[PDB]
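Asker: Fold the following and give me the result.
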Amino acid sequence: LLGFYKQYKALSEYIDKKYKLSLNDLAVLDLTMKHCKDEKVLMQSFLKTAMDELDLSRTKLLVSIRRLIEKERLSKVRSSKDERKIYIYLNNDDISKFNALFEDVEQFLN
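Answerer: Residues are numbered from 1 along each chain as shown. Let me share the structure:
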């Protein structure tokens with residue numbers, strides 16, 4: 001019980017100090033890998049699924065996605081047709097960063 005708390009606080013501090021990422025960010029990033037490794041996904045559509053899967057609010061998700069993008073761990077492209085349609089996706093660099101990051105998580109914990 002208290003055991004989870006310690007490892008959790010610990011993981012949170014570690015990732016924050018090293019990556020300037022929160023655990024929300026990690027959870028969102030993990031989810032992007034299940035949705036836009038290959039294809040690009042519409043922002044609105046990912047937001048919907050992320051809310052359901054992560055029980056996170058719309059703005060919290062937006063904050064996370066924007067931070068991942070600013071930190072060069074996630075990518076975006078707009079529609080040339082509709083100025084308001086935005087997609088996210090992971091390029092190869094993003095994927096290699098993803099893998100490095102989650103190997104780091106795995107070893108901290110276990």
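
Asker: what residue is smack in the middle of the protein?
Answerer: residue 29 (1.9 Å; Cα atoms, centre = their mean).

Asker: Name the helix or strand for it, please.
Answerer: Assigning secondary structure by DSSP states H and E places residue 29 in helix 23-35.

Asker: just the strands in this structure please.
Answerer: 41-42, 75-78, 86-89 (DSSP state E).

Asker: For residue 61, find the nearest of these.
Answerer: strand 86-89 (11.1 Å; Cβ to Cβ). Backbone N, C-alpha and C define where each C-beta goes, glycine included.

Asker: Pull out the buried positions in that closest one.
Answerer: Neighbour-count burial for strand 86-89, counted by 16 or more other Cβ atoms under 10 Å, picks out 87, 88, 89.

Asker: Mind listing residues that contact that strand?
Answerer: Contact with strand 86-89 is made by 32, 36, 39-43, 46, 65, 69, 74-79, as judged by Cβ atoms under 8 Å, 6 or more residues apart in numbering.

Asker: since we're on the closest residue to residue 57 other than its chain neighbours, how many residues are nearby?
Answerer: Nearest non-adjacent residue to residue 57, counting by Cβ to Cβ, 6 or more residues apart in numbering: residue 51, 7.4 Å away. Other residues lying near residue 51 total 14 when counted by other Cβ atoms under 10 Å.

Asker: before we move on, what about the one 3 residues further on?
Answerer: Other residues near residue 54 come to 16 when the count uses other Cβ under 10 Å.

Asker: ok, now how distant is it from residue 110?
Answerer: 22 Å (Cβ to Cβ, to the nearest Å).

Asker: contacting residues for the residue nearest to the centre of the chain?
Answerer: 21, 68, 73, 74, 98, 101.

Asker: Looking at the strands of the chain, spot the one closest to residue 7.
Answerer: strand 86-89 (29.7 Å).

Asker: Strand partners (parallel or antiparallel) of the closest one?
Answerer: With DSSP bridges as the test, strand 86-89 is paired with strand 41-42 (antiparallel), strand 75-78 (antiparallel).
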